[PDB]
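Source file: input_15.pdb (PDB, C-alpha atoms and all ligand atoms)
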```pdb
MODEL        1
ATOM      1  CA  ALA A   3       2.577 -55.890  16.525
ATOM      2  CA  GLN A   4      -0.218 -58.249  17.606
ATOM      3  CA  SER A   5      -3.039 -59.211  15.242
ATOM      4  CA  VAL A   6      -6.461 -58.030  16.349
ATOM      5  CA  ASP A   7      -8.096 -60.731  14.221
ATOM      6  CA  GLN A   8      -6.092 -63.481  15.933
ATOM      7  CA  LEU A   9      -6.855 -62.022  19.355
ATOM      8  CA  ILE A  10     -10.593 -61.665  18.766
ATOM      9  CA  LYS A  11     -10.657 -65.255  17.526
ATOM     10  CA  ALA A  12      -9.038 -66.318  20.812
ATOM     11  CA  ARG A  13     -11.921 -64.580  22.594
ATOM     12  CA  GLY A  14     -14.461 -66.683  20.665
ATOM     13  CA  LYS A  15     -15.413 -64.319  17.843
ATOM     14  CA  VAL A  16     -15.151 -64.968  14.125
ATOM     15  CA  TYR A  17     -13.192 -62.035  12.674
ATOM     16  CA  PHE A  18     -11.793 -58.543  12.804
ATOM     17  CA  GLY A  19     -12.161 -57.337   9.225
ATOM     18  CA  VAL A  20     -11.544 -54.419   6.915
ATOM     19  CA  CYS A  21     -12.830 -52.870   3.731
ATOM     20  CA  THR A  22     -10.451 -52.756   0.789
ATOM     21  CA  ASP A  23     -10.185 -53.238  -2.982
ATOM     22  CA  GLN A  24      -7.614 -53.691  -5.753
ATOM     23  CA  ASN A  25      -6.533 -50.021  -5.602
ATOM     24  CA  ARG A  26      -5.574 -50.352  -1.924
ATOM     25  CA  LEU A  27      -4.034 -53.813  -2.189
ATOM     26  CA  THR A  28      -1.482 -52.541  -4.737
ATOM     27  CA  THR A  29      -0.495 -49.353  -2.870
ATOM     28  CA  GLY A  30       0.770 -48.328   0.519
ATOM     29  CA  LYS A  31       1.311 -51.088   3.052
ATOM     30  CA  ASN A  32      -2.343 -52.162   2.961
ATOM     31  CA  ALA A  33      -1.799 -55.723   1.737
ATOM     32  CA  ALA A  34       0.852 -56.464   4.379
ATOM     33  CA  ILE A  35      -1.276 -55.055   7.214
ATOM     34  CA  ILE A  36      -4.367 -56.975   6.071
ATOM     35  CA  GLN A  37      -2.315 -60.176   5.825
ATOM     36  CA  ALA A  38      -1.070 -59.704   9.379
ATOM     37  CA  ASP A  39      -3.929 -58.162  11.279
ATOM     38  CA  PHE A  40      -7.334 -58.763   9.659
ATOM     39  CA  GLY A  41      -9.275 -61.964   9.065
ATOM     40  CA  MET A  42     -11.972 -60.822   6.644
ATOM     41  CA  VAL A  43     -12.092 -58.436   3.687
ATOM     42  CA  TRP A  44     -15.044 -56.527   2.213
ATOM     43  CA  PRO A  45     -15.108 -54.663  -1.141
ATOM     44  CA  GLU A  46     -15.158 -50.889  -0.769
ATOM     45  CA  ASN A  47     -16.696 -50.322  -4.176
ATOM     46  CA  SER A  48     -16.140 -53.262  -6.518
ATOM     47  CA  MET A  49     -19.389 -55.111  -5.723
ATOM     48  CA  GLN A  50     -21.731 -52.119  -5.712
ATOM     49  CA  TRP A  51     -24.397 -51.933  -8.387
ATOM     50  CA  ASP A  52     -22.806 -49.181 -10.504
ATOM     51  CA  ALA A  53     -19.537 -51.120 -10.580
ATOM     52  CA  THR A  54     -20.993 -54.549 -11.344
ATOM     53  CA  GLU A  55     -23.983 -53.796 -13.618
ATOM     54  CA  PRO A  56     -23.341 -50.391 -15.214
ATOM     55  CA  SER A  57     -25.742 -51.281 -18.019
ATOM     56  CA  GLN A  58     -28.548 -53.777 -17.563
ATOM     57  CA  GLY A  59     -27.375 -57.348 -18.027
ATOM     58  CA  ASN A  60     -23.841 -56.168 -18.917
ATOM     59  CA  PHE A  61     -21.974 -57.294 -15.811
ATOM     60  CA  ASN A  62     -18.402 -56.337 -14.922
ATOM     61  CA  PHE A  63     -16.704 -58.496 -12.295
ATOM     62  CA  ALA A  64     -13.046 -57.514 -12.761
ATOM     63  CA  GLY A  65     -12.540 -55.614  -9.528
ATOM     64  CA  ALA A  66     -14.615 -58.062  -7.518
ATOM     65  CA  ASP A  67     -12.786 -61.067  -8.960
ATOM     66  CA  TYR A  68      -9.457 -59.523  -8.005
ATOM     67  CA  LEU A  69     -10.499 -59.157  -4.380
ATOM     68  CA  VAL A  70     -12.026 -62.619  -4.105
ATOM     69  CA  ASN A  71      -8.917 -64.208  -5.628
ATOM     70  CA  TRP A  72      -6.621 -62.220  -3.318
ATOM     71  CA  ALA A  73      -8.670 -63.226  -0.277
ATOM     72  CA  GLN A  74      -8.616 -66.916  -1.196
ATOM     73  CA  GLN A  75      -4.880 -66.868  -1.852
ATOM     74  CA  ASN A  76      -4.274 -65.229   1.531
ATOM     75  CA  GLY A  77      -6.761 -67.305   3.543
ATOM     76  CA  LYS A  78      -9.157 -64.485   4.386
ATOM     77  CA  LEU A  79     -12.911 -64.625   4.770
ATOM     78  CA  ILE A  80     -14.893 -62.516   2.293
ATOM     79  CA  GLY A  81     -17.948 -60.327   2.741
ATOM     80  CA  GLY A  82     -19.876 -58.912  -0.199
ATOM     81  CA  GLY A  83     -22.378 -56.142  -0.857
ATOM     82  CA  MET A  84     -24.353 -54.105  -1.150
ATOM     83  CA  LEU A  85     -26.815 -56.035  -3.305
ATOM     84  CA  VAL A  86     -29.758 -53.609  -2.903
ATOM     85  CA  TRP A  87     -28.985 -49.958  -2.059
ATOM     86  CA  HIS A  88     -30.127 -46.576  -3.369
ATOM     87  CA  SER A  89     -26.596 -45.162  -3.409
ATOM     88  CA  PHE A  90     -24.276 -46.050  -6.284
ATOM     89  CA  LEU A  91     -27.378 -46.970  -8.316
ATOM     90  CA  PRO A  92     -27.063 -46.493 -12.083
ATOM     91  CA  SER A  93     -29.605 -44.214 -13.702
ATOM     92  CA  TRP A  94     -31.047 -47.057 -15.784
ATOM     93  CA  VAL A  95     -32.344 -48.627 -12.574
ATOM     94  CA  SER A  96     -33.815 -45.535 -10.953
ATOM     95  CA  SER A  97     -35.828 -44.679 -14.112
ATOM     96  CA  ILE A  98     -37.794 -47.958 -14.110
ATOM     97  CA  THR A  99     -41.409 -47.355 -13.047
ATOM     98  CA  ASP A 100     -42.925 -50.814 -13.651
ATOM     99  CA  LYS A 101     -43.229 -53.207 -10.698
ATOM    100  CA  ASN A 102     -42.721 -56.447 -12.633
ATOM    101  CA  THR A 103     -39.742 -54.986 -14.496
ATOM    102  CA  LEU A 104     -37.964 -53.744 -11.398
ATOM    103  CA  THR A 105     -38.675 -56.917  -9.421
ATOM    104  CA  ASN A 106     -37.035 -59.010 -12.155
ATOM    105  CA  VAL A 107     -34.102 -56.583 -12.457
ATOM    106  CA  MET A 108     -33.499 -56.765  -8.702
ATOM    107  CA  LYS A 109     -33.748 -60.547  -8.541
ATOM    108  CA  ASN A 110     -31.396 -60.894 -11.513
ATOM    109  CA  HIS A 111     -28.855 -58.540  -9.966
ATOM    110  CA  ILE A 112     -28.887 -60.460  -6.676
ATOM    111  CA  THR A 113     -28.802 -63.904  -8.258
ATOM    112  CA  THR A 114     -26.062 -63.096 -10.757
ATOM    113  CA  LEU A 115     -23.630 -61.715  -8.166
ATOM    114  CA  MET A 116     -24.310 -64.406  -5.589
ATOM    115  CA  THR A 117     -24.088 -67.315  -8.037
ATOM    116  CA  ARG A 118     -20.718 -66.173  -9.397
ATOM    117  CA  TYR A 119     -19.178 -66.447  -5.928
ATOM    118  CA  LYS A 120     -21.355 -69.247  -4.564
ATOM    119  CA  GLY A 121     -19.781 -70.918  -1.555
ATOM    120  CA  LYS A 122     -16.913 -68.398  -1.330
ATOM    121  CA  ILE A 123     -18.662 -65.517   0.500
ATOM    122  CA  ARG A 124     -19.284 -65.741   4.248
ATOM    123  CA  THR A 125     -21.630 -62.761   4.503
ATOM    124  CA  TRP A 126     -23.717 -60.849   1.984
ATOM    125  CA  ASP A 127     -25.148 -57.429   2.794
ATOM    126  CA  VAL A 128     -28.426 -57.884   0.923
ATOM    127  CA  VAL A 129     -30.272 -54.648   1.781
ATOM    128  CA  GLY A 130     -28.729 -51.440   3.103
ATOM    129  CA  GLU A 131     -29.945 -48.088   4.393
ATOM    130  CA  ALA A 132     -33.627 -48.991   4.019
ATOM    131  CA  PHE A 133     -34.851 -46.854   6.965
ATOM    132  CA  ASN A 134     -35.301 -43.125   7.422
ATOM    133  CA  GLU A 135     -34.091 -41.505  10.630
ATOM    134  CA  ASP A 136     -37.659 -41.503  12.005
ATOM    135  CA  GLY A 137     -37.909 -45.273  11.469
ATOM    136  CA  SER A 138     -40.148 -45.144   8.422
ATOM    137  CA  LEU A 139     -39.000 -46.986   5.324
ATOM    138  CA  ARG A 140     -36.808 -44.886   3.029
ATOM    139  CA  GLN A 141     -38.641 -43.952  -0.181
ATOM    140  CA  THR A 142     -36.163 -45.386  -2.678
ATOM    141  CA  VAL A 143     -37.020 -46.578  -6.169
ATOM    142  CA  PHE A 144     -37.435 -50.104  -4.781
ATOM    143  CA  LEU A 145     -39.950 -49.042  -2.141
ATOM    144  CA  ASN A 146     -41.731 -46.657  -4.511
ATOM    145  CA  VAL A 147     -42.133 -49.147  -7.378
ATOM    146  CA  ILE A 148     -42.188 -52.603  -5.746
ATOM    147  CA  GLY A 149     -43.520 -51.696  -2.287
ATOM    148  CA  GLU A 150     -42.391 -52.872   1.097
ATOM    149  CA  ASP A 151     -42.360 -56.450  -0.220
ATOM    150  CA  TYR A 152     -39.035 -55.652  -1.869
ATOM    151  CA  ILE A 153     -37.142 -56.526   1.313
ATOM    152  CA  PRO A 154     -38.662 -60.020   1.759
ATOM    153  CA  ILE A 155     -38.251 -60.648  -1.967
ATOM    154  CA  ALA A 156     -34.585 -59.664  -1.848
ATOM    155  CA  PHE A 157     -33.797 -61.970   1.087
ATOM    156  CA  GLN A 158     -35.778 -64.911  -0.313
ATOM    157  CA  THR A 159     -33.969 -64.516  -3.635
ATOM    158  CA  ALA A 160     -30.575 -64.356  -1.918
ATOM    159  CA  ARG A 161     -31.210 -67.467   0.195
ATOM    160  CA  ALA A 162     -32.053 -69.465  -2.914
ATOM    161  CA  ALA A 163     -28.964 -68.247  -4.767
ATOM    162  CA  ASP A 164     -26.431 -69.285  -2.110
ATOM    163  CA  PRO A 165     -27.873 -71.023   0.964
ATOM    164  CA  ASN A 166     -24.418 -71.122   2.600
ATOM    165  CA  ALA A 167     -24.099 -67.338   2.907
ATOM    166  CA  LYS A 168     -25.212 -65.374   5.940
ATOM    167  CA  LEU A 169     -27.698 -62.709   4.802
ATOM    168  CA  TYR A 170     -27.644 -59.271   6.458
ATOM    169  CA  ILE A 171     -29.605 -56.069   6.543
ATOM    170  CA  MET A 172     -27.445 -53.049   7.342
ATOM    171  CA  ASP A 173     -27.998 -49.456   8.412
ATOM    172  CA  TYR A 174     -26.251 -46.506  10.070
ATOM    173  CA  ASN A 175     -27.244 -44.349  13.049
ATOM    174  CA  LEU A 176     -28.058 -47.480  15.044
ATOM    175  CA  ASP A 177     -25.633 -46.358  17.737
ATOM    176  CA  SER A 178     -28.117 -45.222  20.406
ATOM    177  CA  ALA A 179     -30.766 -47.476  21.946
ATOM    178  CA  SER A 180     -33.421 -44.741  22.080
ATOM    179  CA  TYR A 181     -32.940 -43.504  18.513
ATOM    180  CA  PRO A 182     -36.084 -44.059  16.399
ATOM    181  CA  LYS A 183     -34.190 -45.877  13.637
ATOM    182  CA  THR A 184     -32.774 -48.373  16.158
ATOM    183  CA  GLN A 185     -36.239 -49.174  17.506
ATOM    184  CA  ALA A 186     -37.710 -49.564  14.017
ATOM    185  CA  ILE A 187     -35.127 -51.910  12.554
ATOM    186  CA  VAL A 188     -35.410 -54.162  15.619
ATOM    187  CA  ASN A 189     -39.209 -54.253  15.361
ATOM    188  CA  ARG A 190     -39.316 -54.825  11.605
ATOM    189  CA  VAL A 191     -36.650 -57.543  11.660
ATOM    190  CA  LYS A 192     -38.582 -59.358  14.403
ATOM    191  CA  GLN A 193     -41.707 -59.246  12.226
ATOM    192  CA  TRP A 194     -39.918 -60.312   9.023
ATOM    193  CA  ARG A 195     -38.246 -63.278  10.730
ATOM    194  CA  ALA A 196     -41.541 -64.326  12.343
ATOM    195  CA  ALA A 197     -42.985 -64.552   8.808
ATOM    196  CA  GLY A 198     -40.040 -66.707   7.704
ATOM    197  CA  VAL A 199     -37.954 -64.084   5.898
ATOM    198  CA  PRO A 200     -34.314 -65.339   5.980
ATOM    199  CA  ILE A 201     -32.536 -62.440   7.695
ATOM    200  CA  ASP A 202     -29.492 -63.916   9.398
ATOM    201  CA  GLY A 203     -27.937 -60.728  10.689
ATOM    202  CA  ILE A 204     -28.153 -57.043  11.409
ATOM    203  CA  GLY A 205     -25.024 -55.089  10.494
ATOM    204  CA  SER A 206     -24.540 -51.760  12.243
ATOM    205  CA  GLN A 207     -22.687 -49.275  10.005
ATOM    206  CA  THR A 208     -20.899 -47.490  12.833
ATOM    207  CA  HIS A 209     -19.618 -44.004  12.035
ATOM    208  CA  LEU A 210     -19.030 -42.337  15.383
ATOM    209  CA  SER A 211     -18.167 -38.887  16.621
ATOM    210  CA  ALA A 212     -15.947 -38.448  19.662
ATOM    211  CA  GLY A 213     -17.577 -39.855  22.777
ATOM    212  CA  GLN A 214     -20.303 -41.861  21.035
ATOM    213  CA  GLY A 215     -18.752 -45.285  21.685
ATOM    214  CA  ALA A 216     -20.354 -45.510  25.123
ATOM    215  CA  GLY A 217     -23.831 -45.595  23.592
ATOM    216  CA  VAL A 218     -22.985 -48.692  21.571
ATOM    217  CA  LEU A 219     -22.717 -50.679  24.812
ATOM    218  CA  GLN A 220     -26.512 -50.306  25.117
ATOM    219  CA  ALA A 221     -27.483 -50.149  21.440
ATOM    220  CA  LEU A 222     -25.838 -53.358  20.301
ATOM    221  CA  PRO A 223     -27.628 -55.603  22.867
ATOM    222  CA  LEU A 224     -30.865 -54.007  21.704
ATOM    223  CA  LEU A 225     -30.111 -54.826  18.069
ATOM    224  CA  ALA A 226     -29.381 -58.400  19.119
ATOM    225  CA  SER A 227     -32.811 -58.645  20.783
ATOM    226  CA  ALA A 228     -34.392 -58.870  17.321
ATOM    227  CA  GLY A 229     -33.311 -62.520  17.420
ATOM    228  CA  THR A 230     -31.129 -62.796  14.337
ATOM    229  CA  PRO A 231     -28.410 -65.462  14.664
ATOM    230  CA  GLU A 232     -25.732 -62.789  14.168
ATOM    231  CA  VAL A 233     -25.085 -59.103  14.563
ATOM    232  CA  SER A 234     -21.959 -57.227  13.563
ATOM    233  CA  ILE A 235     -20.188 -53.890  13.522
ATOM    234  CA  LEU A 236     -19.508 -52.745   9.950
ATOM    235  CA  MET A 237     -17.643 -49.874   8.280
ATOM    236  CA  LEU A 238     -16.397 -48.682  11.692
ATOM    237  CA  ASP A 239     -14.598 -45.362  12.043
ATOM    238  CA  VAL A 240     -14.415 -42.854  14.900
ATOM    239  CA  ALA A 241     -13.666 -39.140  14.568
ATOM    240  CA  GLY A 242     -10.480 -38.518  16.535
ATOM    241  CA  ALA A 243      -9.868 -42.284  16.951
ATOM    242  CA  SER A 244      -9.956 -42.107  20.742
ATOM    243  CA  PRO A 245      -8.984 -45.409  22.378
ATOM    244  CA  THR A 246     -12.007 -44.941  24.670
ATOM    245  CA  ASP A 247     -14.463 -45.003  21.780
ATOM    246  CA  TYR A 248     -12.756 -47.879  19.974
ATOM    247  CA  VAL A 249     -12.459 -50.018  23.104
ATOM    248  CA  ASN A 250     -16.134 -49.401  23.915
ATOM    249  CA  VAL A 251     -17.176 -50.673  20.480
ATOM    250  CA  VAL A 252     -15.032 -53.805  20.891
ATOM    251  CA  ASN A 253     -16.400 -54.425  24.393
ATOM    252  CA  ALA A 254     -19.957 -54.057  23.105
ATOM    253  CA  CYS A 255     -19.323 -56.881  20.647
ATOM    254  CA  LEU A 256     -17.592 -58.994  23.301
ATOM    255  CA  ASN A 257     -20.614 -58.471  25.562
ATOM    256  CA  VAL A 258     -23.127 -59.623  22.912
ATOM    257  CA  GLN A 259     -23.011 -63.356  22.286
ATOM    258  CA  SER A 260     -24.448 -63.033  18.766
ATOM    259  CA  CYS A 261     -21.882 -60.411  17.722
ATOM    260  CA  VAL A 262     -19.591 -62.309  15.360
ATOM    261  CA  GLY A 263     -17.086 -59.550  14.655
ATOM    262  CA  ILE A 264     -16.094 -56.047  13.677
ATOM    263  CA  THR A 265     -15.067 -54.529  10.337
ATOM    264  CA  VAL A 266     -13.242 -51.178  10.095
ATOM    265  CA  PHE A 267     -13.833 -48.828   7.158
ATOM    266  CA  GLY A 268     -10.222 -48.875   5.906
ATOM    267  CA  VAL A 269      -6.626 -49.300   6.986
ATOM    268  CA  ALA A 270      -4.916 -45.893   7.147
ATOM    269  CA  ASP A 271      -6.128 -42.373   7.959
ATOM    270  CA  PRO A 272      -5.057 -40.684   4.678
ATOM    271  CA  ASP A 273      -7.364 -42.954   2.668
ATOM    272  CA  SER A 274     -10.464 -42.131   4.701
ATOM    273  CA  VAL A 275     -13.401 -40.239   3.247
ATOM    274  CA  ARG A 276     -13.071 -38.091   6.388
ATOM    275  CA  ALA A 277      -9.309 -38.079   6.682
ATOM    276  CA  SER A 278      -9.234 -34.728   8.482
ATOM    277  CA  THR A 279     -10.779 -36.513  11.502
ATOM    278  CA  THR A 280      -7.990 -39.185  11.451
ATOM    279  CA  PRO A 281     -10.632 -41.790  12.287
ATOM    280  CA  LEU A 282      -8.916 -45.150  11.561
ATOM    281  CA  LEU A 283      -6.498 -47.457  13.375
ATOM    282  CA  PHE A 284      -3.302 -46.835  11.337
ATOM    283  CA  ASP A 285      -1.721 -43.444  10.676
ATOM    284  CA  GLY A 286      -0.286 -41.999   7.460
ATOM    285  CA  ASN A 287       2.996 -43.843   8.021
ATOM    286  CA  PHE A 288       1.035 -47.116   8.441
ATOM    287  CA  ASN A 289       1.997 -47.292  12.106
ATOM    288  CA  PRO A 290      -0.587 -48.620  14.568
ATOM    289  CA  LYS A 291      -2.247 -45.814  16.477
ATOM    290  CA  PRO A 292      -2.889 -45.749  20.216
ATOM    291  CA  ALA A 293      -6.410 -47.024  19.549
ATOM    292  CA  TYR A 294      -5.051 -50.148  17.818
ATOM    293  CA  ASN A 295      -2.759 -50.888  20.748
ATOM    294  CA  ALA A 296      -5.646 -50.322  23.146
ATOM    295  CA  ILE A 297      -7.816 -52.879  21.344
ATOM    296  CA  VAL A 298      -4.947 -55.379  21.393
ATOM    297  CA  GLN A 299      -4.483 -54.862  25.129
ATOM    298  CA  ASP A 300      -8.222 -55.154  25.819
ATOM    299  CA  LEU A 301      -8.406 -58.417  23.879
ATOM    300  CA  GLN A 302      -5.290 -59.877  25.535
ATOM    301  CA  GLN A 303      -6.866 -59.316  28.968
TER     302      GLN A 303
HETATM  303  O1  LIG W 401     -17.885 -53.532   6.298
HETATM  304  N1  LIG W 401     -17.600 -52.787   5.435
HETATM  305  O2  LIG W 401     -16.568 -51.859   5.617
HETATM  306  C1  LIG W 401     -18.333 -52.780   4.183
HETATM  307  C2  LIG W 401     -17.822 -52.159   3.047
HETATM  308  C3  LIG W 401     -18.559 -52.152   1.871
HETATM  309  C4  LIG W 401     -19.817 -52.769   1.829
HETATM  310  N2  LIG W 401     -20.721 -52.906   0.846
HETATM  311  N3  LIG W 401     -21.787 -53.596   1.345
HETATM  312  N4  LIG W 401     -21.532 -53.887   2.649
HETATM  313  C5  LIG W 401     -20.326 -53.383   2.955
HETATM  314  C6  LIG W 401     -19.579 -53.390   4.146
ENDMDL
END
```
Render the structure in this file as structure tokens.
Ligand SMILES: O=[N+]([O-])c1ccc2nn[nH]c2c1
Amino acid sequence: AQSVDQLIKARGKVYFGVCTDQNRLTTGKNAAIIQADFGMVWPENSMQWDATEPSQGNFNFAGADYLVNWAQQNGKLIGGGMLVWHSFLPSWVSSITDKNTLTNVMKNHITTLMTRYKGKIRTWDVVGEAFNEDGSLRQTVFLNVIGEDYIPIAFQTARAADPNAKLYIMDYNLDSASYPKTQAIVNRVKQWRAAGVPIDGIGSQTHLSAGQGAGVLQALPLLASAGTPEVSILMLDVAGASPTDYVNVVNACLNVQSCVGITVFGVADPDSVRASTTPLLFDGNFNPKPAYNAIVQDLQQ
């Protein structure tokens, strides 16, 4: 019955958030649960590249406008993204082979989305999933055509477009301190910031198997050692939804001063991409699960 967003605010954090979109807000009990329990919303799909720029320079904002308007009406913070990602890319982007062309396409995509919502978006995920598992840079069209400068260019462009937004890089499999990807993103973000690249946060896209929450207690402090002003947990889900794993992720954020909050990947189990693992905090009747109650109790104490 208690609101995890209200309780995490009382502990000095900024939000407990959730991913959603128009399709969810008009079905189930998603809107009522988000109103009650979550302080920030993120677009599942409506701000990805294939949704917003399906043909070059032919932008479609309908889904994204719906979410932003709903969030403002209901007093919720808004996160946006992903601005630069190799998934959900339209084919017209991935066929460009010219550096100047792709650089201008990328800057225009970033600037157009960020200007439309200027001042209304707390956090933008600027670049996502830029690292391979061995810590090398993922060979996406942006890396292949622009070079490693594409990441500085993307963040510099985003800062100019809306200097009020917090700018994040995001990746998954950052859940263990000794994993090569964890080491690499920390080292590269340190170097980028030392050269003045405006990276405000690292977002950890946390998709856990049973028992992996304990590792986050060590991994998240390591991510925070890169020196960004903020870190966060994003797109969180946990196979089996054990209270032990969920409470460990919450405690990791409570233990890390720069952790501003946690976002879960959805509201109810049946709408998960891995629904067979019942990995979310509400069940198929929209009742809170034991893991939700455990987080409430941990935050109350
Ligand atoms: O936190 N999130 O669940 C979330 C969802 C969609 C996104 N797109 N970019 N960043 C995102 C974060």
Inset, instruction - Choose the residue, out of A:226, A:148, A:27, A:80, that has the smallest atom-to-atom separation from residue 44 in chain A; count only C-alpha atoms. - result: A:80
Legend entry - Reference answer for the PyMOL selection byres (((chain A and resi 214) around 9) and not hetatm), as a PyMOL selection string: chain A and resi 177-178+210-213+215-218+240+247
Inset, instruction - For ligand LIG 401 (chain W), collect every residue having any atom at a distance of at most 6 Å from a ligand atom (counting all atoms listed in the file); output as an MDAnalysis selection string. - result: chainID A and resid 20:21 44:46 82:84 127 236:237 265:267
Atoms to include: C-alpha atoms. Write the selected residues as a CSV table (one decimal), keeping the file's coordinate frame.
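In the end it all went to result-v4.csv:
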```csv
chain,number,residue,atom,x,y,z
A,20,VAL,CA,-11.5,-54.4,6.9
A,21,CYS,CA,-12.8,-52.9,3.7
A,44,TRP,CA,-15.0,-56.5,2.2
A,45,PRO,CA,-15.1,-54.7,-1.1
A,46,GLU,CA,-15.2,-50.9,-0.8
A,82,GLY,CA,-19.9,-58.9,-0.2
A,83,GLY,CA,-22.4,-56.1,-0.9
A,84,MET,CA,-24.4,-54.1,-1.2
A,127,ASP,CA,-25.1,-57.4,2.8
A,236,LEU,CA,-19.5,-52.7,10.0
A,237,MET,CA,-17.6,-49.9,8.3
A,265,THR,CA,-15.1,-54.5,10.3
A,266,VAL,CA,-13.2,-51.2,10.1
A,267,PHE,CA,-13.8,-48.8,7.2
```
Inset, instruction - Could you check how far CA of residue 174 in chain A sits from CA of residue 275 in chain A, in Å to one decimal? - result: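 These two atoms are separated by 15.8 Å.
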Inset, instruction - Pull out every residue that the PyMOL selection byres (((chain A and resi 86) around 12) and not hetatm) matches in the shown coordinates and put them as a ChimeraX atom specification. - result: /A:49-52,82-85,87-92,95,104-105,107-113,115,126-132,142-145,152-157,159-160,170-172
Inset, instruction - Identify, on the basis of only C-alpha atoms, every residue whose closest approach to range 244-246 of chain A does not exceed 7 Å; exclude the query and any residue fewer than 5 positions from it along the same chain; express the result as a list in words. - result: residues 292, 293 and 296 of chain A
Residues from last step as file, C-alpha atoms, as a short mmCIF file (atom, residue, chain, number, x, y, z; two decimals), keeping the file's coordinate frame:
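Listing of selection_14.cif after writing:
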```cif
data_model
loop_
_atom_site.label_atom_id
_atom_site.label_comp_id
_atom_site.auth_asym_id
_atom_site.auth_seq_id
_atom_site.Cartn_x
_atom_site.Cartn_y
_atom_site.Cartn_z
CA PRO A 292 -2.89 -45.75 20.22
CA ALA A 293 -6.41 -47.02 19.55
CA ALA A 296 -5.65 -50.32 23.15
#
```
Inset, instruction - Do a neighbour search on residue 67 in chain A at 10 Å with all atoms listed in the file, toss out local chain neighbours closer than 6 positions, and write the hits as an MDAnalysis selection string. - result: chainID A and resid 24 48:49 73 118:119
Inset, instruction - Compile the contact shell of range 16-18 of chain A as a ChimeraX atom specification: residues with an atom at most 6 Å away, counting only C-alpha atoms, same-chain residues fewer than 6 positions apart removed. - result: /A:7,40-41,262-265
Inset, instruction - Would you list the contacts of residue 164 in chain A as a PyMOL selection string, taking every protein, DNA or RNA residue within 6 Å and counting only C-alpha atoms, but skipping same-chain residues closer than 3 positions in sequence? - result: chain A and resi 120+161+167
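The coordinates place CA of residue 209 in chain A at 22.4 Å from CA of residue 189 in chain A.
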Legend entry - Residue with smallest distance to residue 134 in chain A - pool A:241, A:162, A:176, A:64, counting all atoms listed in the file: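 Once distances to residue 134 in chain A are computed over all atoms listed in the file, the minimum belongs to A:176.
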Since fewer atoms than expected are present, regenerate N, CA and C atoms for range 207-220 of chain A and write them as an mmCIF file, in the coordinates of the input.
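Full text of out-v4.cif as output:
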```
data_model
loop_
_atom_site.group_PDB
_atom_site.id
_atom_site.type_symbol
_atom_site.label_atom_id
_atom_site.label_comp_id
_atom_site.auth_asym_id
_atom_site.auth_seq_id
_atom_site.Cartn_x
_atom_site.Cartn_y
_atom_site.Cartn_z
ATOM 1 N N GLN A 207 -23.675 -50.076 10.729
ATOM 2 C CA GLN A 207 -22.687 -49.275 10.005
ATOM 3 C C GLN A 207 -22.320 -48.120 10.919
ATOM 4 N N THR A 208 -21.213 -48.276 11.646
ATOM 5 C CA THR A 208 -20.899 -47.490 12.833
ATOM 6 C C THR A 208 -19.912 -46.382 12.504
ATOM 7 N N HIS A 209 -20.428 -45.191 12.271
ATOM 8 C CA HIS A 209 -19.618 -44.004 12.035
ATOM 9 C C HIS A 209 -19.844 -43.085 13.222
ATOM 10 N N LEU A 210 -18.875 -43.048 14.128
ATOM 11 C CA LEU A 210 -19.030 -42.337 15.383
ATOM 12 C C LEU A 210 -18.283 -41.017 15.421
ATOM 13 N N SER A 211 -18.857 -40.081 16.170
ATOM 14 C CA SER A 211 -18.167 -38.887 16.621
ATOM 15 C C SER A 211 -17.508 -39.168 17.969
ATOM 16 N N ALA A 212 -16.635 -38.261 18.394
ATOM 17 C CA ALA A 212 -15.947 -38.448 19.662
ATOM 18 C C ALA A 212 -16.949 -38.597 20.794
ATOM 19 N N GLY A 213 -16.748 -39.615 21.620
ATOM 20 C CA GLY A 213 -17.577 -39.855 22.777
ATOM 21 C C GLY A 213 -18.789 -40.734 22.539
ATOM 22 N N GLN A 214 -19.104 -41.067 21.299
ATOM 23 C CA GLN A 214 -20.303 -41.861 21.035
ATOM 24 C C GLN A 214 -20.123 -43.361 21.235
ATOM 25 N N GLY A 215 -18.911 -43.851 21.486
ATOM 26 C CA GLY A 215 -18.752 -45.285 21.685
ATOM 27 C C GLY A 215 -19.530 -45.827 22.872
ATOM 28 N N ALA A 216 -19.676 -45.024 23.926
ATOM 29 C CA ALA A 216 -20.354 -45.510 25.123
ATOM 30 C C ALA A 216 -21.785 -45.935 24.815
ATOM 31 N N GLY A 217 -22.453 -45.233 23.902
ATOM 32 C CA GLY A 217 -23.831 -45.595 23.592
ATOM 33 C C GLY A 217 -23.961 -46.957 22.935
ATOM 34 N N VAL A 218 -22.912 -47.409 22.258
ATOM 35 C CA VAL A 218 -22.985 -48.692 21.571
ATOM 36 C C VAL A 218 -23.093 -49.840 22.566
ATOM 37 N N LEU A 219 -22.587 -49.650 23.781
ATOM 38 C CA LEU A 219 -22.717 -50.679 24.812
ATOM 39 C C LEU A 219 -24.171 -51.023 25.102
ATOM 40 N N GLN A 220 -25.083 -50.057 24.938
ATOM 41 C CA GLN A 220 -26.512 -50.306 25.117
ATOM 42 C C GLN A 220 -27.209 -50.627 23.800
#
```
